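A short worksheet on the structure shown next.
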Amino acid sequence: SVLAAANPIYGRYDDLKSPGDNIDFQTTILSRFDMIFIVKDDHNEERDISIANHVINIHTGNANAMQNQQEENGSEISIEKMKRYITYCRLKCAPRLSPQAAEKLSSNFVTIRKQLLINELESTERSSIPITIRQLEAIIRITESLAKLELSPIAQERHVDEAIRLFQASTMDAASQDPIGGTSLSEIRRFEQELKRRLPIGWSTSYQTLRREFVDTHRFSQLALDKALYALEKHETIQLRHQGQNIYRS
Amino acid sequence: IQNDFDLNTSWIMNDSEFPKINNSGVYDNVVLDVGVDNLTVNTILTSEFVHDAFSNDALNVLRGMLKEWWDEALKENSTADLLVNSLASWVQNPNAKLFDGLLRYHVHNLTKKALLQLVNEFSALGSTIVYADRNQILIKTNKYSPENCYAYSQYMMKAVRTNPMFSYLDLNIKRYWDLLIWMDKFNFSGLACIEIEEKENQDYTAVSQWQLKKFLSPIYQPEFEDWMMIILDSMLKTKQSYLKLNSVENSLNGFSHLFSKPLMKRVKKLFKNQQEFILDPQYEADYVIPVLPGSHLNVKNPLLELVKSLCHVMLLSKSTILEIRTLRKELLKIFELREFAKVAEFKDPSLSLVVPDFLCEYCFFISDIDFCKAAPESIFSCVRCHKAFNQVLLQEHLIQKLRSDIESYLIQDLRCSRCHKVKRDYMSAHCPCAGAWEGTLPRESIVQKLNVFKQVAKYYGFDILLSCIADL
Amino acid sequence: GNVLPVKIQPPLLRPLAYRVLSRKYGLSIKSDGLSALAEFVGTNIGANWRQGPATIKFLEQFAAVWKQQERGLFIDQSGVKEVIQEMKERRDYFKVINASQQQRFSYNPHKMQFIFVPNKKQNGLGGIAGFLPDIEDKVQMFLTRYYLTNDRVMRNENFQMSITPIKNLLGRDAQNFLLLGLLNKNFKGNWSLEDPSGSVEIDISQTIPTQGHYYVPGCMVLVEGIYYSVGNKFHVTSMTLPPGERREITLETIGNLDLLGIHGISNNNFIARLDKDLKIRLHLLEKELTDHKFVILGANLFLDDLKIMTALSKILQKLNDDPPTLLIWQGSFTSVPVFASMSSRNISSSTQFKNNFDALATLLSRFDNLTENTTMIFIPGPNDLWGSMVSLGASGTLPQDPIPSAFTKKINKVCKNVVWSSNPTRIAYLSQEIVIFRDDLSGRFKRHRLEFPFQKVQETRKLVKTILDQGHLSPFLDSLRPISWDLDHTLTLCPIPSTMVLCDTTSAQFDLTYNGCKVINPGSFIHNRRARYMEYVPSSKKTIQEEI
Amino acid sequence: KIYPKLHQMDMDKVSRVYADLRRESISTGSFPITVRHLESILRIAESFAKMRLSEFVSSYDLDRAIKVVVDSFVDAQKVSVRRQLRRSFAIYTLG
Ligand SMILES: [Zn+2]
Ligand SMILES: [Zn+2]
């Protein structure tokens, strides 16, 4: 099994730049990998305070005590015991699937494949991170490993849900991470003009009414939904409450 | 249809909070205290797709009705005057017929927009807004001497009045501030003159309103009230000296040098005496920490909070930060503490519990009321008139606030962890991406609110509220 | 002790206790148990230390009394209590309970078994705020409702064709399918079905629904149609609510659980069951049931207008001579909602509400027979103190709090048996389970009825059929009727009580019965210059009486 | 021979300094700042302890290290904001 560490071009990911020209790996090499995680840096000063606290604690003056309690309270096991347990589990158990899990995996794969096609037809370029039958085999292997952890001779929905969750995380973090890469913008400014004009601060309107109005006009549904959720992404005058019905203007 | 419960109507029913602007700091320039009147009527007279809209035809009809009311009231009609005065209370009170919550929300939003427009107009000229409210506005004046703001303040008054948006507003000046130390509505101290006079030096009187002093030890409050007056005198002296000479301002730079050594010696003596007399049984009366409603901090050494408050008052200078920090470190060196310790950080010793828009029938006067921070003998009486308020009404309003809070918590929405998108399904394990749902209203907030409600109901005698609590 | 008690020496009684309680049966006798046996011997001084059979047989009776309590491996100061139980072993057995104290029972789909939930009141502190539900409860509530409905569907005799999950509809088309789920509106504004797997859209243009039901958003519906992958439209050809089940077949799947257990309760440690005493209690109920009659009144009896007081005085005059067992008053007791008072010149709303109950204590002073012999039940209506104070007389939260104690300080003293409960309340008889629920149903199901593109006795038939097939008291979403996140289990018709008191001011009176359950429909207390109240005989017979 | 030991250091001061350097930085300019600079400050403090042949880090060494690090960070900015940042960061290296 291969565990690889890499850095993107231009150091930081530079999300303003397109995903296509941020990764220099071809499609062939990426397909063999099946768990790719993008570790982006962030700044909110709270995670930063927590990390600073953790490092100042993890200096040798303090951790040498605290970590010891982890073997005294039963929270963590030593490395050698973990090695023995993992080799024992590797030798002994080898789980198997069940038809309900197979149906769930099939439906999930169809869903993600259709979502990839949906992104591709809009972006009008090939995806930099592909989704293939290799990925279905990958989810199957993840489920089998999850069942293998507890020595279960059969794999069930409990492990399948966790495997699907991990795959969805590793998919939405890298592949479906802003697929647009940033009618053109002419309708965007036109659409920004009307909502400022027709909807003042403090009042609200139903989503159905606006969708009907701007499908009756030239904007159509494809342009409106993206514009609506990006005006939300701007997050300085548009707020959603009460499910997807109440379009509140903050 | 009105019998059925609806989310939008419930949200527009309980959203009666009126925001305010407060820019704390230390000011050496002159500040004008003004009051605004007849705001609601001016807002009403002045200014299909939107489902939350109130019927515009009715709005125009009532605008014309109020216009003819004003016209008839101008020509010596007492009845029209009283009717105009009672129009606002008619708008607020649901007991009156032909009442619609949409109309009240419309008027409230329009009033907020008008207030922000007025703030924009005021800031257009040379000004700095310190405090904003439905009833009081504090404006910082660029000039230095109160005697030189007569025609200037009159000019802003006239210019504001001539604006068509503000034709029906009534504006009045109450006080002139020579030197102000402002951090909160209930926490300020400074030198003020009532009205500027001609050819004669104005009368200057010092005021001090500080609920913070109420949380100190009974034996150190005299020290607080002495040292605060001393530092205010030093600040006035240094500003006068600078004005005599002619983000930094030299009016105040160099004021802590006057009292540093006596303060150091006094703090040493106080620490020694507290060390010697803290464990004595008969001296334990004066070291008892008082308890007040809204208090949440548990702490041990009183002198530490005394010096923390004394330093936090000075820290509001915003222009002599380094000097104050040096003095704070020097003071903390008497204790065996360090500069950036968590124990040496000042916090708010009291919480807040505000009831929006309490109505005095004797004045048609509308104002908020804070049950925790405000001083006594003002919760039970109106601000303008000295008429006692009904008590069971206060308890009923408090219980309405509590029940509205509980309902709002119950009907809240859910938000994902990683992304902040809202839940759009009636039953789903988690977000399509990573993360799990969390409530928009945290549980600890409402728990703390119920705790402070319990404290309030325990401090005063409110048996209806206690019965309401006990039924949960 | 006896007439001539003798003070014993504990050492010489120790062997007699120890042998019997440590070698034949019993274990771990404490010192307090020894003292209790010592005083019991003091009550059996007759020829003791020389009398064999009686002492040992009374110890065997002690075992037969104390084995059933907990597990009986210790005897504390309660030894005197079991002695008193021995003496006492040498209408009751009925209970009334509200939604606040109903036992909590979760459901697990993968194990097909209900699971008891520890009560937050009993193990937690609860000093400051213990009634606030947690975040995920509302997430799991609809899941639990769907689980119960799916289990009911799967247990049907006809269904052994098989349903299909929503998410499995992606890869197939031009084929018929069967599926069920929550019916509602999407954010866009179309009709959609929801499943834990996923959601799809609905085509209605050619749908023939099964008549006799109120197809309302928020209700589980069985959907049959053809998928189309050209878009996402599921062209429905027929729609029908899931069928219901009878009480006996429902219970037999869980044996006889002590959900509404009065004789015994379950806990996190173990599960409980009982069926031997059920027939005994049934035959006990079969006798003197005509004597144990209980009478209810109409809805919305207002305590401010003189006419209601006059009619109530006449009713109490007729009812004083023959006091029934239970007398239930339902509906709001004030004709105007109570809220914050903006006027200090007139009488406050709270004071008026308090005075509206004081006069009742005076009117009950002249009916000492009814006060003495009959218990009192009071149920809040739509605009009582707690609800109308926030909802202003409109609909609100269903688990309504009881009438505050500060406003009923004279009813509890004048009368000896007064009970205030929630809007839904449960009474447990010897062999009967009855729930009482006061709200408006006919208008709610009339205004929000779904429109299908294409003599008053039938409306109540449809209402009863829908409310029983759906098996929930509030078949509506969170937009219309907000429900507390945890207490929703109290609104579920999983135990399907024997008799239900459907109080509806908007529906005519009726006495229907269906699916093994009998429903009564009390009307408004006063109508068209007449007063009406109805009494139910526990022998499945009803009587309606009126006094002008 | 000499090995310094680090026990009595201001957790809050250094943590808030690191938080402040995470602030500004790429959010306002272009210089990158990461956790490595925290360990850099700590190593500089240890070196200053080594200067005196002392086995334990005192407060003066931490003050000198933080002064050096903040000075090196400040003097690598555009002349438009150097004065503003110099007056802003004057509270941690007060001395
Ligand atoms: Zn007044
Ligand atoms: Zn998410």
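Values quoted throughout were computed directly from the atomic coordinates according to the rules given, and no laboratory measurement underlies them. Reconstructed Cβ throughout: ideal geometry from the backbone, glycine too, with neighbour counts over all protein chains shown.
Here are the numbers for the structure shown:
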quantity: Boolean, D:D61 is more than 8 Å from every other protein chain (Cβ to nearest Cβ) and among the acidic types (D, E); calculated: yes
quantity: A:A231 vs. criteria of a type in the set (A, V, I, L, M, F, W, C) and more than 14 Å from chain C (Cβ to nearest Cβ); calculated: yes
quantity: Residue list for the stretch C:183-196, restricted to those being within 14 Å of chain A (Cβ to nearest Cβ) and either of a type outside the set (D, E, K, R) or surrounded by fewer than 17 Cβ atoms within 10 Å (Cβ to Cβ) (or both); calculated: C:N184, C:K185, C:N186, C:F187, C:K188, C:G189, C:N190, C:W191, C:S192, C:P196
quantity: Residues satisfying the stated conditions in the stretch B:199-234, i.e. of a type in the set (A, V, I, L, M, F, W, C) and in contact with a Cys (Cβ under 6 Å, 6 or more places away or on another chain); calculated: none
quantity: Residue that is farthest from ligand 1 (Cβ to nearest atom) [pool: residues in the stretch B:351-384 that are in contact with a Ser or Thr (Cβ under 9 Å, 6 or more places away or on another chain), more than 17 Å from B:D184 (Cβ to Cβ) and part of a strand (DSSP E or B)]; calculated: B:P356
quantity: Any pair with Cβ under 9 angstrom, 6 or more apart, that starts in the stretch B:265-278 at a residue that is of a type in the set (K, R) and ends at one that is assigned to a helix (DSSP H, G or I); calculated: B:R266/B:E223; B:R266/B:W227; B:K268/B:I334
quantity: Yes/no for B:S350 being over 20 Å from B:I469 (Cβ atoms), more than 16 Å from ligand 2 (Cβ to nearest atom) and touching a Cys at 6+ places or on another chain (Cβ under 6 Å); calculated: yes
quantity: Residue match in the stretch D:7-14 (condition: facing another protein chain (nearest Cβ under 10 Å) and among the polar types (S, T, N, Q)); calculated: yes
quantity: Total residues in the stretch B:298-333, condition hydroxyl-bearing (S, T, Y) and assigned to a helix (DSSP H, G or I); calculated: 2
quantity: From B:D33, B:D15, B:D6, B:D37, residue being under 30 Å from B:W182 (Cα atoms), within 14 Å of chain A (Cβ to nearest Cβ) and among the acidic types (D, E); calculated: B:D15
quantity: Search result, residues across the stretch B:422-438 that are more than 6 Å from ligand 2 (Cβ to nearest atom) and out of contact with any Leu (no Cβ under 8 Å at 6 or more places or on another chain); calculated: B:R424, B:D425, B:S428, B:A429, B:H430, B:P432, B:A434, B:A436
quantity: Criterion violated by B:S417 - all others in (1) within 16 Å of ligand 1 (Cβ to nearest atom); (2) polar (S, T, N, Q); (3) under 30 Å from C:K185 (Cα atoms) satisfied; calculated: (1)
quantity: The stretch A:160-210, residues that are β-branched (V, I, T), more than 14 Å from chain C (Cβ to nearest Cβ) and within 28 Å of A:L149 (Cα to Cα); calculated: A:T171
quantity: Output for the stretch C:309-355, where each listed residue is part of a helix (DSSP H, G or I) and under 22 Å from C:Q400 (Cβ atoms); calculated: C:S349, C:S350, C:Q352, C:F353, C:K354
quantity: Residue in the stretch A:10-27 that is farther than 30 Å from D:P32 by Cβ and in a helix (DSSP H, G or I) present; calculated: yes
quantity: Output for the stretch D:34-79, where each listed residue is under 18 Å from D:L94 (Cα atoms) and among the aliphatic types (A, V, I, L, M); calculated: D:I41, D:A45, D:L62, D:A65, D:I66, D:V68, D:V69, D:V70, D:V74
quantity: Among (1) within 12 Å of the chain's Cα centre (by Cα); (2) within 14 Å of chain A (Cβ to nearest Cβ) - the single one D:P4 does not satisfy; calculated: (1)
quantity: Helices (runs of 4 or more DSSP H) contained entirely in the stretch B:55-167, each with at least 2 residues that are in contact with a strand residue (DSSP E or B) (Cβ under 7 Å, 6 or more places away or on another chain); calculated: B:78-92, B:101-124, B:150-162
quantity: Given (1) away from ligand 1 (no atom under 16 Å from the Cβ); (2) small (G, A, S); (3) surrounded by fewer than 18 Cβ atoms within 10 Å (Cβ to Cβ); (4) more than 13 Å from chain C (Cβ to nearest Cβ), number of the condition B:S408 does not satisfy; calculated: (4)
quantity: Pick from the stretch B:385-396, criterion within 16 Å of ligand 1 (Cβ to nearest atom) and touching a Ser or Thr at 6+ places or on another chain (Cβ under 9 Å), ranking: nearest to B:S10 (Cα to Cα); calculated: B:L393
quantity: Single match in C:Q140, C:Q122 (criterion: within 14 Å of another protein chain (Cβ to nearest Cβ) and assigned to a helix (DSSP H, G or I)); calculated: C:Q140
quantity: Qualifying residue in the stretch B:441-464 (condition: in contact with a helix residue (DSSP H, G or I) (Cβ under 7 Å, 6 or more places away or on another chain), at the interface with chain C (Cβ under 10 Å from one of its Cβ atoms), in a loop (DSSP other than H, G, I, E, B) and within 16 Å of ligand 2 (Cβ to nearest atom)); calculated: no
quantity: Long-range neighbours under 8 Å by Cβ, at least six apart or interchain, first residue within 13 Å of another protein chain (Cβ to nearest Cβ) within the stretch C:145-156, second part of a helix (DSSP H, G or I) and charged (D, E, K, R); calculated: C:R145/C:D488
quantity: Selection status of D:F56, in contact with a helix residue (DSSP H, G or I) (Cβ under 9 Å, 6 or more places away or on another chain), over 24 Å from B:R328 (Cα atoms) and not β-branched (V, I, T); calculated: yes
quantity: Of all residues making up the stretch B:170-221, the number that are outside any strand (DSSP E or B) and within 27 Å of B:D370 (Cβ to Cβ); calculated: 13
quantity: Residues satisfying the stated conditions in the stretch C:45-79, i.e. exposed (fewer than 15 other Cβ atoms within 10 Å of the Cβ), in a loop (DSSP other than H, G, I, E, B) and not small (G, A, S); calculated: C:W49, C:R50, C:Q51, C:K67, C:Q68, C:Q69, C:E70, C:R71, C:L73, C:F74, C:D76, C:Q77
quantity: Sole residue being farther than 24 Å from B:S445 by Cβ, more than 16 Å from ligand 2 (Cβ to nearest atom) and assigned to a helix (DSSP H, G or I), chosen from B:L398, B:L393, B:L402; calculated: B:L393
